[PDB]
Amino acid sequence: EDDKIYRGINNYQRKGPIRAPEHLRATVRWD
Amino acid sequence: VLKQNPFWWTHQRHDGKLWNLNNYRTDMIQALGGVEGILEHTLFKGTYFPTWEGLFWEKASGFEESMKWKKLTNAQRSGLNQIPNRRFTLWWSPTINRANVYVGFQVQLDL
Amino acid sequence: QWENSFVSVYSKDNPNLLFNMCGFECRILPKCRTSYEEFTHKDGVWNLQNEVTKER
Amino acid sequence: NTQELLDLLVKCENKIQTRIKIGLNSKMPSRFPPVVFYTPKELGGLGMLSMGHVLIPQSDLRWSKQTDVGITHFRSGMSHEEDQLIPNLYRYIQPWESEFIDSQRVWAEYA
Amino acid sequence: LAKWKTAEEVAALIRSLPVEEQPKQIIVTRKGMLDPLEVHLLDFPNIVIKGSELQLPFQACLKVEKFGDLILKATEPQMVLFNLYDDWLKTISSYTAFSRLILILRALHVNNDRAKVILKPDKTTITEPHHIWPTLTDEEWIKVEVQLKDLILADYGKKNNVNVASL
Amino acid sequence: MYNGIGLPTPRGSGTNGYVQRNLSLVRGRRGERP
Amino acid sequence: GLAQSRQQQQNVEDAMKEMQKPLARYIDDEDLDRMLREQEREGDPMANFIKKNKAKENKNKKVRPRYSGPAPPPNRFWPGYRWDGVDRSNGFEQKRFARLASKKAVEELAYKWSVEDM
Amino acid sequence: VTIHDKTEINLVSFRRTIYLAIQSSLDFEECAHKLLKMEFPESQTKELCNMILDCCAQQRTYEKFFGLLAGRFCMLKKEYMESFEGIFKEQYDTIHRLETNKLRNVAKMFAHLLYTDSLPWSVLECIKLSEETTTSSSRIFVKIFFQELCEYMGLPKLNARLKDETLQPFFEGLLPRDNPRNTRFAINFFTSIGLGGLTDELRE
RNA sequence: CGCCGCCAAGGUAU
């Protein structure tokens, strides 16, 4: 209960930037 | 006149503003963070805007009393205006166009 | 006309006085015919008081 | 108190959400978030007022038509549960009886 | 020897903090530590050490009382972690916060007296214990900013006998 | 449906379901795990 | 005659706020919880228990007496009104007070007029 | 290698989302639900109850919703009533800071709890009726307090429950049967506040 | 107790 070692910014108490599939190129088309 | 009024029971200059919703907007900001759109919208290629508090929106001829007395034949009179619907889509551009929800068919334009 | 009218009654058999008004309907339930009194401080519930004796 | 209108607001709010989604031809929760909606016009966006994130109540359906049972079995509203806590409008609107009890003493002290 | 004793604890701070929070660039004060930081940051090669022309009066941070009683009464290298942007990020950015903070710190550096009395303009300028700055409205925020930059310009014009309006 | 209620049409309304339990209830004995 | 007295008062308040008090004042402060107990705080039935009537003592900045209690017009700068100041003027205070109130009204309507189609 | 944090962002970041859970979520059954469901550890309970106090203190005109959420806790777990009462005794004995509004919202806040109970009837041992030692905003704190508690209980049902409880003599509010000063000052006060529902003759 | 995942004809005439 509030040990004030504080652990970093977001730790005071998978969404957002989602990980790209590493095993994939996006199928590109020339519009 | 055909505009249906949801305010048949009041008007402000005799019984007053019976509600002042002002802090709901501020608590919406504090619930979604003060950077609620800056991480999403490209403010960085807007200009070099470091402050984002002096930012101001559409003011140029919004009411448009007498435009210039042209004819306004069919579609430019009664049809909807396309430029707010495209500037709003331009405003949330990296989070209407994000690369990693459907990572399949992408269609780059010419040049 | 009968179909667009609405009659209701509070008596010894009906413990409740219900009526509609001006778009939204309400009802009076007295304190005297409650075995256990309702909570009456949590929602759209607001109480009525007698001004001659200050009690609800 | 009216549960059937709290259901109707949740039904129609997500319906106008979907109507704005089909204007972009996206219909996606992750590509097209509700961060786009709940942002004021002064910072940019559309600007709307939440009543779906109110956690609409339920009751025992066997005894709902029979007897006032109290309050049991909260039901979720919108499909947004990542703990952003978008506030409700009514918590920043002054109620009826508070306004009347304030108005009586305000006019009494004014006289 | 303090220039060599500092960089070891700085590198221990870099090792203690997580990966996304360690810096890519460090702007030090006047140069005596480019080669000690260069030989102490061998475990983290991608950190740039630069000495710029932006000196900042953190010695004026020793003039405030919550830092002053903490720096004078200590029996351990406690390594405390405080915050100077108290409640500004909810209303303004970090840009206006920095442009306010360095002006108030420079005003406290050149004259602690009138920069101390300016930050309490009335007798209703209370400060909550978890913050160090007072809580006041935006008009008197920019009013305090204007009178503290007037303090700094007046101290410059008194020191070097320079007309303030002629600059 | 744990005991009595749920939603017969999750595709009609703009919700997904998952009725919770009222943690603000007051009675004597309710637990089964301790 | 009194502006230098005001300068002396603000300098002695300046000295007591600088040479003895810290940079930030807290909630307690050993001064503010005294002032909060010494507030007016209207809505107090105990006012007539200790006070007889709103009498007129020698309540003045100097030793000399002060004008009585009718209502003088306001003049934007709260004065030392005494010795028979009975409401004679050309009408410049009321005109610019109405001007500044009208300015505060038309900025409110101008924000409305600007925010219409946004 | 280890830090200390003398910035409390663990506190205020907590105090933000119970300003928020109860900003969202209409009525009081849902606010309590959401608050429970966040499993707040016990250390923080004094601060939670204090934040429920605070948030209520600032809404324009008072909303009965807070003496309902507040009560729902205040009789739910044993702790909330204890912590919460501590907030009262703590509260009156300052009450000179906030004034003329928050003072009213908080006063009615407590009157509402007492009336709906879910709070021991002896919180009043701290209220010191003096007229020497009461100060202003204290005095019109307790004014709107009783005067506003008046009609809920009505005068008689208050008059009794104030006194009839036998064990009542925990307080200095009314019972100061002491020197003919603060005794006379009680009578005068409650007659001025316009209740006079209890006045006696101790003057022999 | 945990909905929902979108293409095209509709316009730059024959």
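Cut-offs used in this document
Residues numbered from 1 in each chain as written, not as in the entry; some residues may be left out. Chains lettered and ligands numbered in written order. Part of a larger assembly, values for the part shown. Heavy atoms only, no water. Residues with missing side-chain atoms left out of burial classes, pairs and counts. Helix = DSSP H or I, 4+ residues; strand = E, 2+ residues; numbered from the N terminus. Contact = heavy atoms within 4.5 Å. Nonpolar A, V, L, I, M, F, W, Y, C, P; charged D, E, K, R; others polar. Pairing = 2+ DSSP bridges. Right-handed = clockwise from strand over helix to strand, strands pointing away. Expected span 1.5 Å × (residues − 1).

The record names cryo-EM as the way this model was obtained, at a resolution of 4.5 Å.

Draft legend 1. Geometry of the overall build of chain A. Along chain A, the regular secondary structure elements total 0 helices and 1 strand. Its C-alpha atoms put chain A at 55 × 20 × 10 Å along the principal axes.

Draft legend 2. Layout of the overall build of chain F. The helix and strand tally for chain F stands at 0 helices and 0 strands. Expressed as lengths along the three principal axes of its C-alpha atoms, the size of chain F is roughly 40 × 15 × 15 Å.

Draft legend 3. Expanded view of the interface of chain A and chain B. Contacts between the two partners involve 9 residues from chain A, matched on the other side by 9 residues from chain B. Class assignment for the residues of the side of chain A that touches chain B results in 4 nonpolar, 1 polar and 4 charged.

Draft legend 4. Just the interface of chain G and chain H, in detail. On the chain H side, the residues contacting the 9 residues of chain G number 10 residues. Tallied by class, the residues present in the side of chain G that touches chain H amount to 2 nonpolar, 2 polar and 5 charged.

Draft legend 5. Local environment of unusual backbone geometry. Non-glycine residue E30 of chain G carries a positive phi angle of around 55°. Mapping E30 of chain G onto the fold places it in the loop between α1 (3–18) and α2 (32–37). Located in the positive-phi region is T100 of chain H, a residue other than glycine, with phi close to 75°. Within the element layout of this structure, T100 of chain H appears in the loop between α5 (78–92) and α6 (102–115).

Draft legend 6. The pairing of strand β2 (residues 48–51) of chain E, seen in detail. All names here are of chain E. Direction of pairing for strand β1 (residues 25–28) relative to β2: parallel, over a ladder of 4 bridges. Each bridged residue has a counterpart across the sheet, and for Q25 the counterpart in β2 is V48. In this fold, the crossover linking β1 to β2 by way of helix α2 (residues 34–40) has right-handed handedness.

Draft legend 7. Region of interest: the arrangement of the chains. Of all 13 pairs of chains sharing an interface, the pair with the highest contact count is chains A and B. In this assembly chain D lies apart from chain G, the nearest approach of their C-alpha atoms being 7 Å.

Draft legend 8. Layout of helix α6 (residues 138–160) of chain E. In a regular helix each residue adds 1.5 Å, so 23 residues correspond to 33 Å; α6 of chain E covers 33 Å between its end C-alpha atoms and thus fits that length. Just downstream of α6 of chain E, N161 of chain E is the residue with a positive phi angle, here 55°.

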